[PDB]
2 protein chains.
Amino acid sequence: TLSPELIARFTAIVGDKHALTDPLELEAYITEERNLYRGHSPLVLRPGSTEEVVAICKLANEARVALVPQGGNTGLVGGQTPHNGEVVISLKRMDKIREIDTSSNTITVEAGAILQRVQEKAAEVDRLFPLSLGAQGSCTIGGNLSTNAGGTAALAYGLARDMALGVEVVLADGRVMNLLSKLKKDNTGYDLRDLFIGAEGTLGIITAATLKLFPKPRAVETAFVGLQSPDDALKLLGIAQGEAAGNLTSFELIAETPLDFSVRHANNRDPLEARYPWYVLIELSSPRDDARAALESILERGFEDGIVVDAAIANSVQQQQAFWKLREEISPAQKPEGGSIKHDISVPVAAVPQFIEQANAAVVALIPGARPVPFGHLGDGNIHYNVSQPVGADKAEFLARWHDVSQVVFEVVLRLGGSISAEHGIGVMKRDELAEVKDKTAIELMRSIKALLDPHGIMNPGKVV
Amino acid sequence: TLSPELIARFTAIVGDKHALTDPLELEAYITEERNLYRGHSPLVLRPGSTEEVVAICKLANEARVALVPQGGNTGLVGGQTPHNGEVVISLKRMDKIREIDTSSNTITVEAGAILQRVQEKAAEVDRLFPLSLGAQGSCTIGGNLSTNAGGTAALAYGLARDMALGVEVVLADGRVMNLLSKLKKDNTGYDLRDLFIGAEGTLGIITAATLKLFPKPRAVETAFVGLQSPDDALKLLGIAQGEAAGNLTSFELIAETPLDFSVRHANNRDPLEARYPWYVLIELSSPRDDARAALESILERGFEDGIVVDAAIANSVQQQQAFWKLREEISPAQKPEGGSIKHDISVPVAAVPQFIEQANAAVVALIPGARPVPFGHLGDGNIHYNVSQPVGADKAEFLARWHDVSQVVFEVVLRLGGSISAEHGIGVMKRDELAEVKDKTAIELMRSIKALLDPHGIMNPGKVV
Ligand SMILES: Cc1cc2nc3c(=O)[nH]c(=O)nc-3n(C[C@H](O)[C@H](O)[C@H](O)COP(=O)(O)OP(=O)(O)OC[C@H]3O[C@@H](n4cnc5c(N)ncnc54)[C@H](O)[C@@H]3O)c2cc1C
Ligand SMILES: Cc1cc2nc3c(=O)[nH]c(=O)nc-3n(C[C@H](O)[C@H](O)[C@H](O)COP(=O)(O)OP(=O)(O)OC[C@H]3O[C@@H](n4cnc5c(N)ncnc54)[C@H](O)[C@@H]3O)c2cc1C
């Protein structure tokens with residue numbers, strides 16, 4: 001394990017109050033929210049500056065001590081978990097918002113800033129930080145950038161990658177690469193920024209970043225739509241895109257089952273008079289007061305084309321929140337319904353109906369009575385493809401089929417040109433599957449860059465590659 | 001020079017009709033239209049497939065023959081020019097449009113596809129390819145991605161980088177990295193795509209790419225605005241951004257002098273009743289017919305705030321084209337007015353007024369009577385900062401001060417946090433200056449990545465780093 005000498009020296013760098021070794025305090029860092037993996041660590045460091053992160057890395061690199069960068073600890077692939085006596089480097093104390101430029105429309109923040117607080121400050125100066133996500137209350141900017149987080153609004157605003165203008169990164173050997181910048185155009189050499197975004201802390205530690213700010217929309221309009229098939233929803237998407245372009249900030253495809261779960265278990269209101277096999281939750285966000293006219297125009301063309309069967313446009317803020325509460329509570333609504341085998345994948349937008357149809361048939365053939373629970377962002381091709389246990393089956397016995405379900409789901413994903421990890425990343429969970437599916441040259445380069453940036457293998461080893 | 005043996009072997013790969021060695025034929029590849037540099041080469045190859053590009057690279061790598069990738073040959077920093085007997089690898093024959101997916105909104109094209117033809121193909125299927133430059137008719141996709149080209153509408157659509165979904169690249173050692181993808185979400189390993197975008201052919205040869213398609217706007221409105229200062233133009237931008245958001249497709253800042261040249265030397269109509277020291281050419285694009293109301297609302301806030309002095313909204317297509325012709329012809333209208341020291345830089349949007357003010361003063365201090373000709377994309381901070389000679393001065397004596405003007409211009413850029421190369425890139429011209437201004441660690445990594453991807457130094461050597 002880690003020697004007293006090294007513990008003492010790391011402790012001195014950050015101050016003993018910010019150097020945890022007591023198992024009761026370590027408990028919050030060695031495990032995560034979903035209880036997927038349970039790791040072990042002899043030390044958690046909570047540095048308060050890049051200077052301290054540098055001191056930490058130089059020592060770790062010299063003593064061959066493995067480090068695991070961690071932000072909000074909401075990652076779902078064991079990327080931020082110390083599985084093998086590694087020292088955790090939490091960035092929660094580096095949470096300062098350094099500068100907000102409303103003319104350049106930028107915001108500079110430390111890695112540990114909580115996504116929700118950045119959104120709040122953006123809002124306080126009549127601006128929007130559009131990266132909206134599920135774990136907003138506790139996930140951090142450093143985490144968002146390292147995993148390349150993306151949300152429901154991705155179709156309009158892009159991913160974390162699209163939000164970044166600059167980053168400050170400390171490497172394994174202690175060097176600092178400061179590429180903080182407020183520039184929208186800058187073609188001065190290779191793009192190193194994007195290499196760390198999505199790196200899951202395997203190439204270095206992000207200590208700060210400069211992000212884009214956007215205009216705050218003046219009008220937001222929402223609607224629930226009842227349709228017969230995912231294919232009809234895809235035609236509606238075509239209409240929405242052509243009629244709203246950048247103002248279309250949500251287009252969610254929800255199957256009857258997930259909606260039914262949210263209604264019966266999360267105390268939510270069924271939005272339409274009758275039940276439909278498929279639903280779409282559509283939202284428009286505009287700088288002018290013309291969002292409702294666009295929505296109505298989209299719904300009109302959909303009625304005319306016979307793809308929309310019924311629709312309910314929200315008439316108040318309470319009713320909008322009611323619509324979203326239903327969507328946001330699908331996840332927890334699954335728990336009382338039994339075992340759930342979860343997968344977050346993506347395919348070309350055109351291939352979403354094929355994916356659903358193909359996955360469903362394969363999954364039900366594997367486990368008769370299994371209940372697919374699909375819902376997602378049809379506009380960026382990311383579907384949460386979950387399967388709930390057959391009514392009355394044993395939970396433990398059903399969850400044991402996870403891997404068998406993965407094989408089947410991934411074969412459909414791969415034949416459709418999709419991705420085995422759309423948002424969450426690779427970390428430790430999908431490390432093996434990455435080597436099997438990724439382009440051979442691409443994978444060789446990743447290993448070569450890893451070896452170059454972390455020759456001694458102390459920067460979050462055993463993850464991604 | 002290059003041996004007959006090797007010339008014969010390269011010739012055999014592509015076929016002798018696509019292997020040029022006659023000096024009259026080489027002339028078009030060893031020099032660019034703006035006579036900045038004049039190189040030399042013993043051979044130009046025009047391969048017709050990725051397989052041939054692989055064959056060329058393997059042979060070049062074995063024999064240690066340097067290669068210079070080239071597309072449209074419109075780059076302005078000497079990147080595509082062979083300065084040392086290198087073999088030119090033109091991609092002009094690989095110009096196939098492979099697939100147009102209007103549901104996924106993607107388009108897969110070969111590296112040699114002319115930008116303008118891609119724009120036209122997108123239009124044929126009621127879609128838009130928003131990347132738009134001045135060399136459109138000659139520049140290729142491979143060129144655009146390699147230089148990370150951007151243009152007038154960057155503030156709304158982004159740069160070439162923002163257009164890219166996947167790329168196919170051939171490395172110096174012949175390996176093919178196929179990252180062609182239609183996926184909008186894919187967190188599967190490191191982002192290698194963006195490493196090559198902006199690499200200027202120094203890290204491999206891009207042979208194909210998957211790009212995004214956008215909705216075709218239904219309405220386009222344009223106005224020419226007269227203001228008293230760049231600072232007032234910046235306040236107007238804030239108003240335009242808040243009121244139009246993503247529908248603001250052009251916000252140009254034009255000083256009186258360039259507008260004066262365009263009117264007097266390009267036969268363009270002066271768009272306003274009186275003359276103003278500063279002008280803004282603003283354009284809005286919308287999927288609905290609400291563009292004119294947004295523009296009129298923008299200009300109304302401008303008049304009320306006292307920042308807009310006069311404004312003319314184009315009332316016909318002929319009038320819109322008249323406005324754009326004036327702006328697009330500022331570049332050639334400088335020629336008859338004497339020597340022109342040109343710089344294409346960027347600073348944070350908030351700093352544009354400070355940059356213009358500071359650069360003008362320093363340039364006039366350097367060369368009394370020199371006439372600054374500044375114009376550009378205020379929304380992304382990219383100013384074409386050119387200086388025309390003093391009236392009556394000697395053209396040669398003036399152009400001899402290019403370097404002196406650069407020292408001064410860059411000092412203003414660097415103190416404001418800007419870039420010495422906003423669009424064109426580094427290539428050979430700014431290779432030494434990059435090493436002086438870029439972050440020290442960043443430059444170390446670029447050299448290590450270069451050494452890793454091109455160990456024998458055959459991939460466009462002596463450029464970028
Ligand atoms: C309820 C819930 C909803 C979620 N919804 C979404 C969603 O909608 N979209 C989505 O993309 N994800 C979602 N996630 C997962 C998402 O990846 C994480 O929530 C988030 O991106 C990680 O942020 P974090 O601060 O928790 O990072 P952590 O969990 O601490 O770390 C995640 C990875 O980033 C690395 N890392 C963290 N900080 C740094 C740093 N500063 N420098 C270098 N590496 C670092 C870690 O080493 C690890 O590899 C959700 C998770 C939960 C529990
Ligand atoms: C009149 C005029 C207006 C211009 N306006 C703009 C503008 O508004 N915005 C802007 O950004 N630029 C502008 N440019 C310059 C711009 O960079 C080029 O026009 C364009 O991006 C290069 O395309 P190309 O096909 O001609 O590439 P080339 O000039 O042939 O090559 C440029 C660089 O890319 C590399 N390269 C080319 N093809 C490949 C390949 N497939 N694989 C790997 N490397 C490759 C070359 O080695 C070289 O380093 C302008 C140029 C002119 C003459």
Side-chain angles (χ1 to χ4, degrees), chain A residues 32 68-77 79-81 89-91 94 111-112 114-115 132-136 138-152 159-160 169 185 187 196 199-207 331 344 422-425 427 460 463-464, chain B residues 32-33 68-81 89-91 94 111-112 114-115 132-136 138-152 159-160 169-170 185 187 196 199-207 331 344 422-425 427 460 463-464:
Chain A
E32 62 87 21
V68 173
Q70 174 174 125
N73 198 29
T74 63
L76 302 168
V77 291
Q80 74 286 359
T81 306
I89 307 300
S90 176
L91 292 145
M94 297 189 64
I114 298 184
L115 176 61
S132 175
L133 187 158
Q136 280 174 193
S138 30
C139 72
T140 71
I141 296 297
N144 294 161
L145 294 176
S146 302
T147 74
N148 191 27
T152 303
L159 311 173
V169 176
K185 280 186 181 165
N187 290 349
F196 300 92
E200 302 178 44
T202 65
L203 300 178
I205 300 176
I206 298 179
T207 60
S331 185
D344 167 74
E423 287 173 338
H424 303 149
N460 204 16
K463 314 196 178 73
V464 188
Chain B
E32 66 284 331
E33 69 280 304
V68 172
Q70 176 177 122
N73 194 28
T74 62
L76 301 168
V77 294
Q80 76 285 1
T81 302
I89 303 302
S90 173
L91 293 137
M94 295 194 60
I114 305 296
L115 181 57
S132 171
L133 301 61
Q136 283 182 172
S138 306
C139 71
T140 65
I141 294 302
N144 299 147
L145 289 178
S146 296
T147 71
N148 190 32
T152 292
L159 313 178
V169 174
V170 180
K185 274 181 178 169
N187 290 350
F196 302 96
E200 300 179 35
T202 63
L203 295 186
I205 301 181
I206 295 175
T207 65
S331 185
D344 195 44
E423 296 178 324
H424 307 142
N460 209 11
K463 314 199 178 71
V464 191

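Every heavy atom of this structure was used, including side-chain atoms; hydrogens, water molecules and symmetry mates were not. Each ligand, and each atom within it, is numbered from 1 in the order the structure gives. Residue numbers start from 1 in every chain, and the chains themselves are labelled A, B, ... in the order their sequence lines are given, proteins ahead of strands.
At a 3.5 angstrom cut-off on N or O pairs, B:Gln70 does not count as close to ligand 2. For ligand 2, the polar-atom distance check finds an N/O of B:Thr140 within less than 3.5 Å of one of the ligand's N/O atoms. Considering backbone and side-chain atoms together, B:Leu133 places no N or O closer than 3.5 Å to any N or O of ligand 2. The distance criterion of under 3.5 Å between nitrogen or oxygen atoms is not met by A:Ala149 with respect to ligand 1. The N/O atoms of B:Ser138, backbone and side chain alike, include none that comes under 3.5 Å of an N/O atom in ligand 2.
Under the 4.0 angstrom criterion for non-hydrogen atoms, A:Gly151 is not in contact with ligand 1. Ligand 2 does not have B:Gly427 within reach: every non-hydrogen atom of the residue lies 4.0 Å or more from it. The closest approach between any non-hydrogen atom of B:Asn73 and ligand 2 is below 4.0 Å. For the pair A:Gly204 and ligand 1, a heavy-atom separation below 4.0 Å is found.
In summary, the atoms of ligand 2 found under 4.0 Å from a heavy atom of B:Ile205, numbered by their order in the structure, are 42 (N), 43 (C). Interface atoms of ligand 2 facing B:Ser146, defined by a heavy-atom separation under 4.0 Å, are 34 (O), 35 (C), 36 (N), 39 (C), 40 (C), 42 (N), 43 (C), 44 (N), 45 (C). Atom numbering of ligand 2 starts at 1 in the shown order; those under 4.0 Å from a heavy atom of B:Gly134 are 3 (C), 5 (N). When each atom of ligand 2 is checked for a heavy atom of B:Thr147 under 4.0 Å away, the hits are 17 (O), 21 (O), 32 (C), 33 (C), 34 (O). Short contacts between ligand 2 and B:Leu91, defined as distances under 4.0 Å to a heavy atom of the residue, involve ligand atoms 38 (N), 39 (C), 40 (C), 41 (N). Near B:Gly79, meaning under 4.0 Å from any of its heavy atoms, are these atoms of ligand 2: 47 (O), 48 (C), 49 (O). Ligand 2 places these atoms under 4.0 Å from at least one heavy atom of B:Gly201: 43 (C), 44 (N). For ligand 2, the atoms lying closer than 4.0 Å to a non-hydrogen atom of B:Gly71 are 25 (O), 30 (O), 37 (C), 38 (N).
Closest heavy-atom approach to atom 7 (C) of ligand 2 within the set B:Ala135, B:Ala199, B:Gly150: this belongs to B:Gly150. Across B:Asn460, A:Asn187, B:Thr74, B:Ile89, heavy-atom proximity to atom 51 (C) of ligand 2 is greatest for B:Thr74.
At a heavy-atom distance under 4.0 Å, only side-chain atoms of A:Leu76, from C-beta outward, approach ligand 1. The part of A:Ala111 lying near ligand 1 is the side chain, judged by heavy-atom distances below 4.0 Å. Contact annotation: for B:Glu33 versus ligand 2, heavy atoms closer than 4.0 Å belong to the side chain alone.
For the atom pair CD1 (A:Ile141) and CE (A:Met94), the distance works out to 13.5 Å, reported to the nearest 0.5 Å. Taken to the nearest 0.5 Å, the NE2 atom of B:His424 stands 9.0 Å off from the OG1 atom of B:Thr147. Here A:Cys139 contributes atom SG and A:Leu133 contributes atom CG; the two are 4.5 Å apart, rounded to the nearest 0.5 Å.
Remark: side-chain polar atoms of A:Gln80 are paired, donor with acceptor, to backbone N or O of A:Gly75 under 3.5 angstrom. Under the 3.5 Å distance criterion, the side-chain polar atoms of A:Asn187 are matched with a main-chain donor or acceptor of B:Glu423. Judged by distance alone, the side chain of B:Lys463 and the main-chain N or O of B:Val77 form no donor-acceptor pair under 3.5 Å. The backbone N or O of B:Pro69 lies less than 3.5 Å from no partner atom in the side chain of B:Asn460, so there is not a single donor-acceptor pair.
The nearest pair of heavy atoms linking B:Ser146 to B:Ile206 is OG-CD1, 3.7 Å. Residues B:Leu145 and B:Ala160 come closest through the heavy atom pair CD2-O, 3.7 Å.
Counting only heavy atoms from C-beta outward, the side chains of A:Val68 and A:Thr81 never approach each other to under 4.5 Å. Looking at B:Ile205 and B:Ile89, their side chains come closer than 4.5 Å, going by heavy atoms from C-beta outward.
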